[PDB]
There are 4 protein chains.
Amino acid sequence: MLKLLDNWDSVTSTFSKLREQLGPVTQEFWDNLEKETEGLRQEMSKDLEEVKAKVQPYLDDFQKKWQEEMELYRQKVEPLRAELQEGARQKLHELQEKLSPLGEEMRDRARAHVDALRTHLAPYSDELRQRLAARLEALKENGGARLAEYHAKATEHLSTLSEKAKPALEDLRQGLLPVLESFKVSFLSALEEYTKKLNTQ
Amino acid sequence: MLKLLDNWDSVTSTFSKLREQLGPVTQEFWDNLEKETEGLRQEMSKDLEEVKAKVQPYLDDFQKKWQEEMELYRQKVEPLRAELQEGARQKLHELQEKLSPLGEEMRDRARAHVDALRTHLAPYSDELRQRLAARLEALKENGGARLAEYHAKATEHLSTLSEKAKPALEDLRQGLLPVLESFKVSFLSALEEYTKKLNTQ
Amino acid sequence: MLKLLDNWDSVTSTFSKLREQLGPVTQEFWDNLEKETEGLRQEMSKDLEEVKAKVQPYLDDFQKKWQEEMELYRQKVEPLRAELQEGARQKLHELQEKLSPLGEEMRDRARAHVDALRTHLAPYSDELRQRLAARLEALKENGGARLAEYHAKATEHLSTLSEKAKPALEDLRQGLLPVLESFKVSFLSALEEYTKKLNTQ
Amino acid sequence: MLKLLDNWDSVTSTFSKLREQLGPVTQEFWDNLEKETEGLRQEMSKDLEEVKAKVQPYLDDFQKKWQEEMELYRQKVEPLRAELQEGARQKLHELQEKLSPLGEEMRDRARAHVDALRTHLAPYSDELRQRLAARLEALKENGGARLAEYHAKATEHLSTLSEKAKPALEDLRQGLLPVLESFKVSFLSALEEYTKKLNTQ
């Protein structure tokens, strides 16, 4: 029965080698690359430091320089602020006070229609209150049902043990009696299989 | 601030960057690698199935024959199955029945030792039996005790419900009730928000 | 052996066993717990959607109206949008154009400091520029070197293929070739295997 | 706009509490259980040890006792073995020698037909050999194509850097010049949004 089905043998030894064996690519390349790449990137980031270091304090100078111009402007402008600051507050202040007419207006006007619902509602509150509340009474009362149903079962369990522990306990106490075995002569067992085939074929 | 901060900008888009340009390593090389490799492999395997066809006829022509002859072999042998099978069954009882008696010899020869040790262990065998027995009763016994706890604690955690009920009801009432939505105007809201931002720094 | 080994048999089917009998804790209690709890919750929520219906009519009847009035509010206000919008645009240029000049004041007031520091950094700013420049050339330069390696190693790993070719071919020949399948019989095979087992211990 | 959608508030404060708050179950129960369960299971497994300890050597006695009976049987039976041992070898021995007729028979008979394929095959081996082999020549030759196509691209990459590094390098060197900003007066920006709404509504 020629096992030509080794078509794998044909492909594996041929194709697979070229691929798996061409793995030294990332080896010699990538690791050499990343080794020099980031490897010089580290020399540079550290080479740059000294630079940034030999300058920082100098540059620093400039920061205070910005701080200098800054305040001055923050100054000339400061006054214009109040002019607009309190300047606005006022017109807004007045407004709200000139907006209290809306009080007796809006309010006294709405008032009524608003209330409509107060009344169109009230019954429902009452309706639900009487409803949802009792719903929870069913919770406590029902909690007792399950608990009662539970405890009962818990108790029973502890009592079932008495009948269980007993039969199981005949196992070891007497197991030192029936350690009896099968003891197959051995060789004979060989004949057992032996003569069988004589007829199964 | 750190206008120099862009130093890392130049480190990254230079070193680690070219690396990504080499991803095509996996694009052109390994991709084209795998492409032809297994791709021709595909064109290869083809043959095995082809030839297979052109081969099968012969292989089969052959097959049908081999059997035709094998049968010659078989039939010219069977008689030995007898010459042998006979002698085999003979000794079978020589050992089934000459051995049978000794299989009892020990069958009982062991039994003694056992009945011996049986007695020999019984004390301990029982010291434990009755030991865990009463030790088991403790579990059941003290068990129910802590059981009562989970009942006693549940019965109380149950009654604590008629207490966390009432608040929600008020909350109920509340959520139902009207909403006299106060009214400003984006314009007003605008001023508020506005002047709010005019007194910052 | 260890006929007493069954001691652990009794420890396990007793202690850790009853525990599993209490899994129903999660079956009867928490299951029935969650069952009604969220189950009635389900019957509860129902109302909110119901009432909602009976409530919507009113809420809407109301809604349509509130607007009818709000509009009163709005329209009686708009004129202020003018009294205010006017005064607003006024000061707008007071600051757009009175401020505009100072925005340049610094616009250039800063520029100096800059042009200053510009010169102040240039040296370093360039010490680095030309530094990594030539330092970059090294990468390119020495890079191609190790590149040559992966080529040189590939060109050789390529020629090593015309070598692992020939064996498979012989293997080819082989796998093709006939099979003079030697013939025994299960019967014979039986004897072999048989007697094999007769000289063990 | 009455947010009655707090239907969660209604359910959460009610239903959720009873469940999450009934978690003390596994707390007081389970941990008390497993604490006593395995807690006494440990006292027992250790209580049992001493037992097994005060007996082992005793029991041990018995093991040698089995060892005693064992050998004796292993003895009486031992002889019957050879009778069957060499007793079988023989009939099997003869057989194979009386089975050599099958040699000149089976073989010289098959021989021919077998060969048929030797010849019905041979060409195909030759056919495939000439085929599959050249297939691999296409591998080496094609490996060179990709490699050549690759190296080329690798090289180009290292050369592209020269044109890239350059423009990017104007960034930091001069970035110490255009650190120019937006500088929004701030408060004015408030008017920017301010007067906008005046018309968007």
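Residues numbered from 1 in each chain as written, not as in the entry; some residues may be left out. Chains lettered and ligands numbered in written order. Heavy atoms only, no water.

Chemist: What am I meant to see in the nonpolar core here?
Modeler: Soluble, globular proteins show a tendency: their nonpolar side chains are buried together. Judged by nonpolar contacts, the single largest core of 20 residues is most densely connected at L147(A), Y150(A), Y150(B), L18(C), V25(C), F29(C) and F29(D). Those elements giving two or more residues to this core turn out to be α5 (101–168) of chain A, α5 (102–159) of chain B together with α3 (24–75) of chain C. Of the residues forming this core, the biggest block, six residues, is contributed by α5(A). If we skip the residues at most four places from it in the chain, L18(C) touches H157(A), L158(A) and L161(A). (Core = buried A, V, L, I, M, F, W, Y, C linked by side-chain atoms within 4.5 Å. Buried < 20%, exposed > 50% of the residue type's maximum accessible area, 1.4 Å probe, protein only. Helix = DSSP H or I, 4+ residues; strand = E, 2+ residues; numbered from the N terminus. Contact = heavy atoms within 4.5 Å.)

Chemist: What should I look at first to understand a negative patch on the surface in this one?
Modeler: Together, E94(A), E97(A), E83(C) and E86(C) make up a region of like negative charge exposed at the surface. Among the secondary structure elements, those contributing two or more residues to the negative patch are α4 (78–98) of chain A together with α4 (79–99) of chain C. The residue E83(C) is located in helix α4 in this model. Residue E83(C) is classed as exposed on the basis of its relative accessible area, which comes to 67%. (Patch = residues over 30% accessible without salt bridge, like charges linked within 9 Å, V, L, I, M, F, W, Y side chains within 5 Å. Areas by Shrake-Rupley, 256 points an atom, 1.4 Å probe, with all protein chains shown as cover. Salt bridge = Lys/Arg side-chain N within 4 Å of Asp/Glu carboxyl O. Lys, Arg positive; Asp, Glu negative; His and termini not counted. Charge placed at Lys NZ, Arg CZ, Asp CG, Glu CD.)

Chemist: Honestly, the pattern of salt bridges in this entry has me stumped. Any pointers?
Modeler: Side chains carrying opposite charge are able to pair once their charged atoms draw close together. Under the counting rule described, the total for this entry stands at 50 salt bridges over all chains. Here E170(A) makes a salt bridge to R173(A), at a shortest N to O gap of 3.5 Å. Given the relative accessible area of 33%, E170(A) is considered partly exposed. A residue is classified by how much of its surface remains accessible, and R173(A), at 34% relative accessible area, is partly exposed. One salt bridge connects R81(B) with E78(B), and the closest N-O pair in it is separated by 3.2 Å. One salt-bridge network, held together by shared partners, links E43(A), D47(A), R131(C) and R135(C).

In short, geometric facts, not functional conclusions.
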